[PDB]
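Heavy-atom basis, side chains included; hydrogens, waters and symmetry copies ignored. Residues take their numbers from the sequence shown, with the count starting at 1.
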Amino acid sequence: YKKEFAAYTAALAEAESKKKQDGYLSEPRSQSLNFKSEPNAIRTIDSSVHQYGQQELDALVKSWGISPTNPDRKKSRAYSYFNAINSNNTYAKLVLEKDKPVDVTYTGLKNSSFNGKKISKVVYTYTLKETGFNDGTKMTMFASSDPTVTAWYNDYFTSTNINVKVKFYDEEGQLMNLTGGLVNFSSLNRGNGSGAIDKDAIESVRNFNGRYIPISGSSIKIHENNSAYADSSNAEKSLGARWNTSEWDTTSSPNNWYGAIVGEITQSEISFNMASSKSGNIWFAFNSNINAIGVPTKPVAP
Ligand SMILES: [Ca+2]
């Protein structure tokens, strides 16, 4: 402890003098939240909510006009994207109805803590707010077995906006307030769309009820309604990217800060909106694995 504190102090001094450097947090912070990975979480969804079978969802999506036999290339490409994500049956397959919340509860958490206190349960509430798809009242999403991998959702190359509420609970089942915790909003691609629809696909986070901390040099900027996304392509150097997608957009890439922003938690119920334009399939991971360089973990005194 007394040596981790030394080290953490020295790392904050270093984050301060390098804060204007690429990859560094523009305002130095330490991490007190540990919500990094929970591969063996127990996932529970109320029996109220239909969890689709693979072929059952496939037939539903086809009945919506999104099928391989639609002569409209944009529709059939939306199908092959949907089909790909529909092939993993470890996800819970959900049909969101506009304005109707869906809770996804993960218990049996083995790795997570905040400032020394064990996190034993995380609850996600998903509510479709808007889609450019069909009558605008429905969208597919896929809840991960792992709460830190979190979700895929679709837009079928239109647009989707889904509100997410997140609540963390300790071993006593009491609501926890993760104020000061850092969350990783990562992999917010712009310009990585399908060349058959439009290259300027956009992934964003909107309406975050916490405070963003810009990563220096990152393509992800703050906009109105507390929203974070890139202002131009972060996918192709020929459209002005620093790095092509493949050179930064992985969980271990040393350049992954390029598509990320940090979120500082301010409330016990965390809230943001996942929103996409022209993406087809969208991965949205919610966790504490900060992409910024040199963010120290805050040690806890026994
Ligand atoms: Ca992404």
Chemist: How long is the straight-line distance from CG of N255 back to CD1 of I293, given to the nearest 0.5 Å?
Modeler: 8.5 Å
Chemist: In plain terms, say whether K93 and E56 are close enough for a salt bridge, that is, a side-chain N and a carboxylate O under 4.0 Å apart.
Modeler: no
Chemist: Any ion pair linking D155 and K278 (charged N to carboxylate O, less than 4.0 Å)?
Modeler: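 Judged by the 4.0 Å cut-off on N to carboxylate O distance, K278 and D155 do not form a salt bridge.
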Chemist: Identify the heavy atoms of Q51 and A92 that sit nearest to each other, and give their distance.
Modeler: OE1-CB, 3.5 Å
Chemist: For atom NZ of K110, is the number of surrounding heavy atoms from other residues, nucleotides or ligands below 6.0 Å larger than 12?
Modeler: no
Chemist: Please say yes or no: joined through hydrophobic side-chain contacts below 4.5 Å, possibly via intermediate residues, are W152 and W64 part of one cluster?
Modeler: yes
Chemist: Once you round to the nearest 0.5 Å, how far does CG of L178 lie from OG of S112?
Modeler: 10.0 Å
Chemist: Any chance you could lay out the salt bridge (charged side-chain N to carboxylate O under 4.0 Å, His left out) test for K118 and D170, step after step, and finish with the verdict?
Modeler: CA-CA 6 Å; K118 181 169 183 182; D170 58 35; over 6 Å; no
Chemist: Looking at every non-hydrogen atom in both residues, tell me the closest pair between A201 and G193 and how far apart they are.
Modeler: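 Where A201 meets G193 most closely, the heavy atoms are CB-CA, 3.6 Å.
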Chemist: Kindly give the heavy-atom pair with the smallest separation between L94 and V49, and that separation in Å.
Modeler: CD2-CG1, 3.9 Å
Chemist: Closer than 3.5 angstrom, by distance alone: can the side chain of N273 be matched with the main-chain N or O of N161 as a donor-acceptor pair?
Modeler: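 Judged by distance alone, no pair lies under 3.5 Å.
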Chemist: Heavy atoms only: give me the nearest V300-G116 pair and the separation to one decimal.
Modeler: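 Where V300 meets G116 most closely, the heavy atoms are CG2-N, 3.7 Å.
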Chemist: May I ask you to test the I213-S26 pair for a side-chain heavy-atom distance under 4.5 Å?
Modeler: yes
Chemist: Would you check if the side chain of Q31 reaches a backbone N or O of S288 as a donor-acceptor pair within less than 3.5 Å?
Modeler: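 Judged by distance alone, yes, a pair lies under 3.5 Å.
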Chemist: Please check if any side-chain donor atom of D135 sits under 3.5 Å from a side-chain acceptor atom of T137, or the reverse.
Modeler: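 On atom types as modelled, these side chains qualify, holding a pair under 3.5 Å.
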Chemist: Under a 3.5 Å distance rule, please check whether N289 uses its side chain to pair with a backbone N or O of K36 as donor and acceptor.
Modeler: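 Between the backbone of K36 and the side chain of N289 there is a qualifying donor-acceptor contact (under 3.5 Å).
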Chemist: More than 12 heavy atoms of other residues, nucleotides or ligands under 6.0 Å from NZ of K100: yes or no?
Modeler: no
Chemist: Are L188 and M274 joined in one hydrophobic group, where the rule is that I, L, V, M, F, W and Y side chains link up if heavy atoms are under 4.5 Å apart?
Modeler: yes
Chemist: Should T140 and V95 count as side-chain neighbours, where that means a heavy-atom distance under 4.5 Å?
Modeler: yes
Chemist: Tell me if a side-chain donor or acceptor on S219 pairs with a main-chain N or O of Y258 at a distance below 3.5 Å.
Modeler: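 Side chain of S219 to backbone of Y258, a donor-acceptor pair under 3.5 Å: yes, one is there.
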Chemist: Does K2 make a cation-pi contact with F5, if we ask for NZ or CZ under 6.0 Å from the ring centre and within 45° of the axis?
Modeler: yes
Chemist: Sub-3.5 Å donor-acceptor pair from the side chain of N154 to the main-chain atoms of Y156, do we have one?
Modeler: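 No, because the side chain of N154 does not come within donor-acceptor range (under 3.5 Å) of the backbone of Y156.
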Chemist: Restricting to non-hydrogen atoms, name the atom on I220 and the atom on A228 that form the minimum distance, rounded to 0.1 Å.
Modeler: CG2-CB, 3.7 Å
Chemist: If only atom types and distance count, is the side chain of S187 paired as donor or acceptor with the main-chain N or O of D249 below 3.5 Å?
Modeler: no
Chemist: Are any non-hydrogen side-chain atoms of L57 and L60 less than 4.5 angstrom apart?
Modeler: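 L57 reaches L60 side chain to side chain.
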Chemist: Does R206 come within less than 4.0 Å of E130, counting only side-chain N to carboxylate O?
Modeler: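 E130 and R206: not salt-bridged.
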Chemist: Under a single-linkage definition using a 4.5 Å side-chain heavy-atom cutoff for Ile, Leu, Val, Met, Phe, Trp and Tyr, are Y106 and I42 assigned to the same hydrophobic cluster?
Modeler: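 No, because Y106 and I42 fall into different hydrophobic clusters, even though each may have its own neighbours under 4.5 Å.
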Chemist: Test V262 against every option in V295, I215, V183 by the side-chain contact (heavy atoms from CB on, under 4.5 Å) rule and name the one that passes.
Modeler: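 That would be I215; it is the only one of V295, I215, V183 passing the side-chain contact (heavy atoms from CB on, under 4.5 Å) with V262.
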Chemist: Would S216 and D22 count as having a side-chain donor-acceptor pair, cut-off 3.5 Å?
Modeler: no
Chemist: Quick check: is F133 connected to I197 through a chain of hydrophobic side chains (ILVMFWY, heavy atoms under 4.5 Å apart)?
Modeler: no
Chemist: So, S76 side chain and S67 main chain: donor-acceptor pair closer than 3.5 Å or not?
Modeler: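 Answer holds: no.
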Chemist: Are the side chain of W248 and the backbone of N234 linked by a donor-acceptor contact shorter than 3.5 Å?
Modeler: yes
Chemist: Rounded to the nearest 0.5 Å, how far does CG of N192 lie from OG of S279?
Modeler: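 So the gap between those two atoms works out to 6.0 Å.
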Chemist: Taking C-beta and beyond as the side chain, do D46 and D103 meet within less than 4.5 Å on heavy atoms?
Modeler: no
Chemist: Say you draw a straight line from CG of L239 to CG of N244; how long is it, rounded to the nearest 0.5 Å?
Modeler: 10.0 Å
Chemist: Do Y126 and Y153 have their ring centres less than 6.0 Å from each other?
Modeler: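 No; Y153 has its ring centre 6.0 Å or more from that of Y126.
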Chemist: Got more than 12 heavy atoms from elsewhere within 6.0 Å of NZ, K199?
Modeler: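 Result for NZ/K199: enclosed.
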Chemist: Please assess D146 against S144 for the test side-chain hydrogen bond (donor to acceptor under 3.5 Å, both in side chains), listing each intermediate value before the final yes or no.
Modeler: CA-CA 5 Å; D146 182 336; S144 183; 5.6 Å; no
Chemist: For a quick test of reading the model, state the closest non-hydrogen atom pair linking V102 to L96 and the distance between them.
Modeler: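 Heavy atoms of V102 and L96 come nearest at CG2-CD2, 3.9 Å.
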Chemist: Would you call the rings of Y229 and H223 parallel, tilted or perpendicular, where under 30° means parallel and over 60° means perpendicular?
Modeler: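 Geometry flag for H223 against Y229: parallel rings.
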Chemist: Please report the interatomic distance CG(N226) to CG(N207), rounded to the nearest 0.5 Å.
Modeler: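 Reported to 0.5 Å precision, the distance equals 8.0 Å.
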Chemist: Taking the six-membered ring of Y169 as reference, does the NZ or CZ atom of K121 fall below 6.0 Å from its centre and within a 45° cone about the axis?
Modeler: yes
Chemist: Without hydrogens or angle criteria, can the side chains of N225 and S227 be said to hold a donor-acceptor pair below 3.5 Å?
Modeler: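 Absent: no donor and acceptor within the cut-off.
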Chemist: Side chain of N111, backbone of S37: donor and acceptor closer than 3.5 Å?
Modeler: yes
Chemist: Any chance you could measure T127, atom OG1, to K129, atom NZ, to the nearest 0.5 Å?
Modeler: 6.5 Å
Chemist: Considering only heavy atoms from C-beta outward, does the side chain of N70 approach that of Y79 to under 4.5 Å?
Modeler: no
Chemist: Would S271 and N163 count as having a side-chain donor-acceptor pair, cut-off 3.5 Å?
Modeler: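 There is such a pair (donor and acceptor under 3.5 Å, judged by atom type) between the side chains of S271 and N163.
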Chemist: Quick one: are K298 and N115 in side-chain contact, heavy atoms under 4.5 Å?
Modeler: yes
Chemist: Answer yes or no: is there a side-chain heavy-atom contact under 4.5 Å between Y52 and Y91?
Modeler: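 Not in contact.
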Chemist: Using modelled atom types only, decide if a donor and an acceptor are shared between the side chain of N209 and the backbone of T266 within a distance under 3.5 Å.
Modeler: no
Chemist: Determine whether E97 and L128 make a side-chain contact, defined as any pair of heavy atoms from C-beta on separated by less than 4.5 Å.
Modeler: no
